[PDB]
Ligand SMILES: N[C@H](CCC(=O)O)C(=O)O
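Below you'll find only one chain, the form solved without the ligand, shown as structure tokens.
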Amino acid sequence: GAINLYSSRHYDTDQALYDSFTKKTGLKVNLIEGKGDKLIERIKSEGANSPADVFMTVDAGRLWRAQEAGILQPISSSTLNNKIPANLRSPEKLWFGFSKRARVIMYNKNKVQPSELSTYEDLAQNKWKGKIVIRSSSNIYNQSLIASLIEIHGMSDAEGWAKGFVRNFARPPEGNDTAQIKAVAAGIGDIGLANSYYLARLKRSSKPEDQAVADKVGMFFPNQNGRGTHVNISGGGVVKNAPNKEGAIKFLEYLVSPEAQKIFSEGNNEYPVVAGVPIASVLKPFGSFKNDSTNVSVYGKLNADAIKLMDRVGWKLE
């Protein structure tokens, strides 16, 4: 038999993951690619006739959007639950994280010492005026981080923070996360927010210019003396009308095996979710860090609140 994997998170090194899964289970993987938001819409439009068995994407905010679109079904698996940290899976068992990213402070090593950095909250202080680069409010990674801040602080306190943060932008939000790292290297900003794997990506790049940028920028994991760093997931779930539900479950369970954890995480320079799986060589130099235990579903639950806050404080859309 086969399973139909609808994914926005496929990298061509994941073919080795699929080939191993087939060796182990006899099931072929039929890959359907698209952007995450587009795949949700595709599955919706295909209806009860959809061939989709597994949906994979990036960011708990997108997985929550899939859940709220009605396209997932809940799965109860001892393997999933024991191996995946409770904070990285849906409380309702609709979706599950399989690799982890952190939304971190990228800093210019010449301009900023890590002793100057502490928390996300500190980024609203006036000392950072004219120094921060970050991408638009249209981006799910930002939406999820701001949702986390609303959860902690409430809308009023979070708005106060966000007004100070936005006042600190060195330029209007422009470009993607990699662009912010480049802007930090170039001195356009002294600090920026981006996902951890984008710095690792530049470190590994065969392009000399990429390696040079990466060498100018450090990565700081915020809130280590408090609640921990904001982490988010690449993940997936079994689709509501999956024609091969048993096969879909086998695939999710396979993804938490140590071999699959290594291949899948390393494919995008992300961390494993499973305890004991060694981390990528490129990530070792930055060291271990405390993760916030907040359940990542909060970042979808408060997604609309985050959009409302960002608009209220004038954080530019793309």
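Quick note: we count residues from 1 along the sequence shown, nothing fancier.
> Would you tell me which stretch averages the higher CA B-factor in the PDB entry, 139-147 or 184-192?
That would be 184-192.
> Tell me which stretch, 102-110 or 209-217, has the higher mean Cα B-factor listed in the entry.
It is 209-217.
> Comparing recorded Cα B-factors across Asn269, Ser50, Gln67, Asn291, which one is largest?
The listed residue with the largest C-alpha B-factor is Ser50.
> Among the chain's modelled residues, which third holds the C-alpha B-factor of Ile75?
Answer is middle: the recorded C-alpha B-factor places it there.
> Classify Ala200 as lowest, middle or highest third according to the C-alpha B-factor given in the PDB entry, relative to its own chain.
Middle third.
> Going by the recorded CA B-factors, say which third of the chain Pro172 sits in, lowest, middle or highest.
Middle third, going by the recorded CA B-factors of the chain.
> What third of its chain, lowest, middle or highest, does the C-alpha temperature factor of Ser115 fall into?
Answer is highest: the recorded C-alpha B-factor places it there.
> What third of the chain does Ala16 rank in for C-alpha temperature factor, lowest, middle or highest?
Highest third.
The following text describes the form solved in complex with the ligand, which does not appear among the structures shown.
> So, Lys100 and the ligand: in the deposited complex, are they within 4.5 Å at any heavy atom pair?
No, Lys100 is distant from the partner.
> With heavy atoms only and a cut-off of 4.5 Å, decide whether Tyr198 touches the ligand in the deposited complex.
The answer is yes: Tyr198 has a heavy atom within 4.5 Å of the ligand.
> Counting only non-hydrogen atoms and a 4.5 angstroms cut-off, does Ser257 reach the ligand in the deposited complex?
Result no; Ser257 lies far from the ligand in the deposited complex.
> Does the ligand come within 4.5 Å of any heavy atom of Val58 in the deposited complex?
Yes.
> Counting only non-hydrogen atoms and a 4.5 Å threshold, tell me whether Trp64, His230 and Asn303 all contact the ligand in the deposited complex.
Zero of three within 4.5 Å in the deposited complex.
> Between the options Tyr120, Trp128, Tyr141, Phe221, which residue brings a heavy atom to within 4.5 Å of the ligand in the deposited complex?
Of the listed residues, the single hit is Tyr141.
> Which is the contacting stretch out of 65-73, 287-295, 50-58, 23-31, given heavy atoms within 4.5 Å of the ligand in the deposited complex?
Contact-bearing stretch, as computed: 50-58.
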